[PDB]
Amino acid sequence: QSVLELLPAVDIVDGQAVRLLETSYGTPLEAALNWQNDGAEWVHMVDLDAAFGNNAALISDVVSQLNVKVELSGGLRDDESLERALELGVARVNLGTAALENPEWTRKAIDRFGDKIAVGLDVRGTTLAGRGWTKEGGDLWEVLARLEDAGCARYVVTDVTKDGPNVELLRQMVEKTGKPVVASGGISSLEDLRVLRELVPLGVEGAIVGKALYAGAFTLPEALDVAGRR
């Protein structure tokens, strides 16, 4: 059975990161090291300071001192922020809002950096998240169409609903694009990982895991045993 990659979360907030052992804080390195110690191949690192930051050295420490691969997201919205992030040596970045608000910029980024770029999409069902005073979340399939035309290598789809994984949506995206899709959200137990691993032959590549870890539904080693060991 083909392996479902896991990307346990590391959130950088006020220049530190929670680590799940109970909880403690410390550096992003210590949080990512905890996951590596458990058998992780990847971490999904979100720089929340940058998103809403000067954590470049903290991020570079993770890249330089750990074997785990870093997928970095948060505030990668313009030429300077993107170039600086890639200069840190991370394995991959995720673009988010601006990549959908600035489609030509996203295309320019994909053209230049190729498989180092993935695009994140936050969804409630099949609706894109986000509502401001004058802006609304666009049409998911119209957005996907633009990214596909740009040759986006990889999609990260985060279900943000609070009210299991959306298999139908993940299926539709893998079929429209023929690209790897990474799922996030909708995971409450190891059974949800089983459900996602059944989709690996269809193109679901991996899952970001975080909420279920902090909720104590399972540990990372338990998740890796279910998702698959390479």
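In case it trips you up, residue 1 is the first one in the sequence shown, and so on.
- Going from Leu21 to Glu22, the model skips 4 to 9 deposited residues, which lack coordinates.
- Look at the C-alpha B-factors of 96-104 and of 130-138. On average they run higher in 130-138.
- In this entry, 169-177 shows the higher mean Cα temperature factor of the pair 169-177 and 182-190.
- Take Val143, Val123, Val90, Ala153 and read off each C-alpha B-factor from the entry; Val143 has the highest.
- In the deposited coordinates, the residue among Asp163, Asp61, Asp47, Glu205 with the greatest CA B-factor is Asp163.
- Per-chain ranking of the deposited C-alpha B factor places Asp11 in the middle third.
- Per the deposited record, the Cα B-factor of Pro28 falls in the lowest third when ranked against the other modelled residues of its chain.
- Among the modelled residues of its chain, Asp111 has a C-alpha B-factor that falls in the highest third according to the deposited record.
- In the PDB entry, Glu71 places in the lowest third of its chain by CA B-factor.
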